[PDB]
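>>> next input, structure requested:
(2 chains)
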Amino acid sequence: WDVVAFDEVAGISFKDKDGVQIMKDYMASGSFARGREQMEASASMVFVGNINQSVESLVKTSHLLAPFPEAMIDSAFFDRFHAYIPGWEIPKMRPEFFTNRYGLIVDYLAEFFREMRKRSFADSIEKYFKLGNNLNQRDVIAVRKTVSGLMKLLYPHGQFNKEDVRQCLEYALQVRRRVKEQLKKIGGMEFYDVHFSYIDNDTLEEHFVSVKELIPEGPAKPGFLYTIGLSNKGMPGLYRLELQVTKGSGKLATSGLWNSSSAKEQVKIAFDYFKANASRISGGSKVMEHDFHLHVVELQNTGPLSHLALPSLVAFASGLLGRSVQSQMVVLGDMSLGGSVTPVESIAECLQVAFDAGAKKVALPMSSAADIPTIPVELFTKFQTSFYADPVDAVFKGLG
Amino acid sequence: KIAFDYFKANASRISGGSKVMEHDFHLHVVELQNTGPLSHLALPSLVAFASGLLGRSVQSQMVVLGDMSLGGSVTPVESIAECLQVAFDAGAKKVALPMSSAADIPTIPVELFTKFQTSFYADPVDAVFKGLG
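Numbering: from 1, shown residues only, chains lettered A, B, ... in the order given. Find the structure here:
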């Protein structure tokens, strides 16, 4: 058969305990070794599942592949999916959704697909684009297969424009990034590079594609915070910093910085400040015995930010102390290596971004005091101003 | 009495079901620095009734300043700076302020103002919501 589709995958059960790695190998290489001989197959595997809960509930409480059986909840096994079709956005079948017009023959369709199986169009993306730096080689393979398949359905004649490959590439990136988020959720740290992007070959613009899916009510895990900053295009934007701390030797890793030099130098200055002022801030905890990895995730698609030293230092202090930053916290402003604070750009705009439903308390720097009158009274009264003076006081206000 | 009347009037907007008519309140004023009688006490009284009726503990080491009218109009804090040094000497960590006292922020020394976590309530109901945390 050309396609095998496991219906109601929640009910799949295999008598042979060795089968799981057999499927792992079959999806990994297209061939499986049984006994002493290796058999190849061209059958495509589909997994059909029923979703019982709401999308938001499943996203917040679990991973979207929750209906999969416990025995099949594995990182490597889920890594082999070429796509995830989120059927919840597809409406339930209605007769008005059923056409009454002309259409090609189903047998004829299956035919044309079967002969199209012999051909390939995964190289078309190479003509107009390059893939971003946040996708591994498995991601490369998956996106190439998906774009080739969409090209096979829509453009069998081989004549195509750049807009077509844009649409196919972005669709593939979105469907694979959904899987990337699911694997990150189920596996913890190993799937952190989830920020899918593609660089245009001519314009050098890196377009970031995010899936369709400021603060949750409740105190977050230490090492997590939110900030608002003025991006390279000048619009205020919200970003989330996520710090992972492990027992190490003072090493620093960064991700989600849009591969921006400015963000890297700012966080490096912040790391230097934290190491220099570790004793007073941590009360004795040694930075030299812990490795920190900071991640930036952008929720508003506003663009990369340059000013990131102060929130990164706050995340460092929170993670090293293991005590949660205050709930609904928004950290504003930047800092110098000498501890001098810079006034927050776009006070009104930043507070408006913070006004987005959920956030209540904001730490403002002292230099922004002269900018208080520029704030409308109604907006200013809705927020608790944890007015700090220096980055040490900023950290203390952020941790309460 | 004005604070109690306002508390009766706005029970729904503050408590969400806790009925004033079914409960009796006893308010007791304690002087700790021998400073003398005070006049402006309506807004702190309202905060007290709201906290007691709801059983919600007030935020630790916060100081509520300002007074209110019967209709809910808030009055600016007279001599906010001296009250701030008093709070700093008293061990206070948070301050509750109305909008009108924000115009008095520039007259406040920056060092003292940096020591308190202001919430900047606007409405007396908003004053309750800020106080309850």
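>>> contacting residues for the residue in the stretch 301-400 of chain A that chain B sits nearest to?
Closest to chain B within the stretch 301-400 of chain A is residue A:381: 4.0 Å, counting by Cβ to the nearest Cβ. All C-beta atoms are positioned from the backbone trio N, CA, C, and that covers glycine. Residues in contact with residue A:381 (Cβ atoms under 8 Å, 6 or more residues apart in numbering or on different chains) are B:99, B:120, B:121, B:122, B:126.
>>> need phi/psi at the second one.
Right, residue B:120. When read as degrees, to the nearest 10, the backbone of residue B:120 gives phi 60, psi 60.
>>> look at the residue nearest to residue A:316 when sequence neighbours are not counted and say how many residues are nearby.
Leaving aside its sequence neighbours, residue A:316 sits nearest to residue A:274 (Cβ to Cβ, 6 or more residues apart in numbering or on different chains; 4.7 Å). Neighbourhood size, residue A:274 [other Cβ atoms under 10 Å in any protein chain shown]: 25.
>>> quick check: residue A:274 touching residue A:287?
Yes - here residue A:274 reaches residue A:287: they are 6.2 Å apart, a contact under Cβ atoms under 8 Å.
>>> now do the shared contacts for those two.
In terms of Cβ under 8 Å, 6+ apart, residue A:274 and residue A:287 are both contacted by the residues residue A:316.
>>> list the contacts for whatever residue of the stretch 51-200 of chain A ends up closest to chain B?
At 24.5 Å from chain B, residue A:60 is the closest residue in the stretch 51-200 of chain A, using Cβ to the nearest Cβ. Residues near residue A:60 by Cβ under 8 Å, 6+ apart: residue A:216.
>>> also residue A:237?
Applying Cβ under 8 Å, 6+ apart to residue A:237 gives the contacts A:228, A:229, A:230, A:231, A:298, A:300, A:301, A:302, A:303, A:305, A:353.
>>> residue A:277: neighbouring residues, count only.
For residue A:277, the neighbour count with other Cβ under 10 Å is 17.
>>> now residue A:253. Nearest residue, chain neighbours left out?
Residue A:253's closest residue in space is residue A:293 (Cβ to Cβ, 6+ apart), at 3.9 Å.
>>> who's the one you found bridged to?
Beta-bridge pairing of residue A:293 under DSSP bridges involves residue A:244, residue A:253.
>>> distance of the residue nearest to residue A:316 relative to chain B?
Residue A:274 is 22 Å from chain B, where distance means Cβ to the nearest Cβ, to the nearest Å.
>>> wait, what's in contact with that residue?
Taking Cβ under 8 Å, 6+ apart, one finds A:281, A:287, A:313, A:316, A:317 in contact with residue A:274.
>>> now do residue A:333
For residue A:333, counting by Cβ under 8 Å, 6+ apart, the contacting residues are A:307, A:310, A:341, A:342, A:343, A:344, A:364, A:365, A:367, A:368, A:394.
>>> what's the closest non-adjacent residue to the first one?
Meaning residue A:307. Distances taken as Cβ to Cβ, 6+ apart put residue A:334 closest to residue A:307, at 3.9 Å, once the chain neighbours are dropped.
>>> ok, the nearest residue to residue A:48 once chain neighbours are set aside - how many residues close by?
Ranked by Cβ to Cβ, 6+ apart and with sequence neighbours excluded, the top spatial neighbour of residue A:48 is residue A:7, at 4.9 Å. For residue A:7, the neighbour count with other Cβ under 10 Å is 12.
>>> hmm, residue A:7 is touching residue A:50, no?
No - Residue A:7 lies out of contact with residue A:50 (Cβ under 8 Å); the separation is 9.5 Å.
>>> for stretch A:318-338, measure first residue to last.
21 Å (Cα to Cα, to the nearest Å).
>>> in that stretch, which residues are buried?
Using 16 or more other Cβ atoms under 10 Å in any protein chain shown as the test for burial, stretch A:318-338 gives A:318-321, A:324-335.
>>> please apply the same query to stretch A:126-135.
Using 16+ other Cβ under 10 Å as the test for burial, stretch A:126-135 gives A:128, A:129, A:131, A:132, A:134, A:135.
>>> in contact with the first one, which residues?
Residues in contact with residue A:128, defined by Cβ under 8 Å, 6+ apart, are A:162, A:165, A:166, A:200, A:201, A:202.
>>> returning to that earlier point: among the buried residues of stretch A:126-135, which pair sits farthest apart?
Spatial extent of the buried residues of stretch A:126-135 (Cβ to Cβ) is set by the pair A:128 and A:134 at 19.4 Å.
>>> so residue A:228 touches residue A:354, yeah?
Yes - taking contacts as Cβ under 8 Å, residue A:228 lies within contact range of residue A:354: 6.0 Å.
>>> hey, what's in contact with both of those two?
With Cβ under 8 Å, 6+ apart, residue A:228 and residue A:354 have common neighbours residue A:330.
>>> neighbour count: the two, which is higher?
Each of residue A:228 and residue A:354 has its neighbours counted (other Cβ under 10 Å); residue A:228 has more, 29 against 25.
>>> beta-bridge partners for that one, please?
Residue A:228 forms beta bridges with residue A:238, as assigned by DSSP bridges.
>>> check contacts around the closest residue to residue A:277 other than its chain neighbours.
In space, and not counting its chain neighbours, residue A:277 is closest to residue A:392: 7.1 Å by Cβ to Cβ, 6+ apart. Taking Cβ under 8 Å, 6+ apart, we find residue A:392 in contact with A:277, A:280, A:281, A:339.
>>> the third one: neighbour count?
Yep, that's residue A:281 we're talking about. By other Cβ under 10 Å, neighbour count at residue A:281 equals 21.
>>> these two touch, right, it and residue A:393?
No - using Cβ under 8 Å, residue A:281 and residue A:393 do not qualify as a contacting pair, with a distance of 10.8 Å.
>>> for chain A, what lies in contact range of chain B?
Neighbours of chain B within chain A, by Cβ under 8 Å from any Cβ of the partner chain: A:366, A:369, A:372, A:377-378, A:380-381, A:383-389, A:393, A:397.
>>> and those residues, which are buried?
Buried subset of the residues of chain A next to chain B (neighbour count, 16+ other Cβ under 10 Å): A:366, A:369, A:380-381, A:383-389, A:393, A:397.
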